[PDB]
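Read off the chains here:
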Amino acid sequence: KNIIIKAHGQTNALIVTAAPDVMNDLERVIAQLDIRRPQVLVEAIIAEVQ
Amino acid sequence: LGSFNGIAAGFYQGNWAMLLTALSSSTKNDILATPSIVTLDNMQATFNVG
């Protein structure tokens, strides 16, 4: 019928009670959607004279 | 005079006069703040003093 995705939030895990045959189209996409992310350090400087 | 700070030296020889004026002032300030806490992952804890 449809794909019903439910997310827990209290263990930070999600379910998939949807098609029992093409779930592979979900494992691939979540695997491409869970990835460590790099972070950047920003510093700015200003100066003047009067 | 109620507010003055520093030194000044009185001199008089006949018609003239002169007043020297100087002072040095400095100020230093420090702080430090180390709070610590425990909680579970998903639920937020908050903390404050003051």
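For every chain, the first residue of the written sequence is numbered 1 and the count continues from 1 onward along that sequence, whatever numbering the entry uses; residues with no coordinates are hidden. Each chain is given a letter, starting from A, and each ligand a number, starting from 1, according to the order in which they appear as written. Taken from a larger assembly, the chains shown here are the sole basis for all values reported. To obtain the side-chain values, all non-hydrogen atoms of the structure were included, while hydrogens and water were left out.

Method of determination, as given in the entry header: cryo-EM; reported resolution: 4.3 Å.

Going by what the PDB entry lists, chain B is known as Type II secretion system protein D and is assigned to Klebsiella pneumoniae. Listed as the entry title in the PDB record is "Klebsiella pneumoniae type II secretion system outer membrane complex. PulD, PulS and PulC HR domain".

Going by the annotation in the PDB entry, the name recorded for chain A is Type II secretion system protein D, with Klebsiella pneumoniae given as the source organism.

Some details on the overall build of chain A
What counts as a helix is a DSSP run of H or I of at least four residues, what counts as a strand is a run of E of at least two, and both are numbered from the N terminus. For chain A, the helix and strand inventory stands at one helix and two strands. Order of helices (α) and strands (β) in chain A, N terminus to C terminus: β-β-α. A compact globule built from 50 residues should have a C-alpha radius of gyration of about 10 Å, whereas chain A, at 22 Å, is more than 25% larger. When the backbone C-alpha atoms are referred to their principal axes, chain A occupies close to 70 × 25 × 20 Å. Here the term buried applies to any residue with accessible area under 20% of the maximum for its type, exposed to any over 50%, and partly exposed to those in between, with areas from a 1.4 Å probe on protein chains only. Among the 50 residues that make up chain A, the fraction classed as buried is 2%. Accessible surface for chain A amounts to roughly 5500 Å². Of this, 57% is attributable to carbon and sulfur atoms. Computed over 5 positive and 6 negative side-chain charges, the inter-centroid distance for chain A is 10 Å. Put simply, the radius of gyration uses C-alpha atoms, and a globule should come to 2.2 Å times the residue count raised to 0.38. Note on areas: these come from Shrake-Rupley sampling with a 1.4 Å probe, and a residue is covered only by the protein chains present in the view. In this tally, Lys and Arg are treated as positive and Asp and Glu as negative; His is ignored, and so are the chain termini. All charge positions are set by atom: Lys at NZ, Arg at CZ, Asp at CG, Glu at CD.

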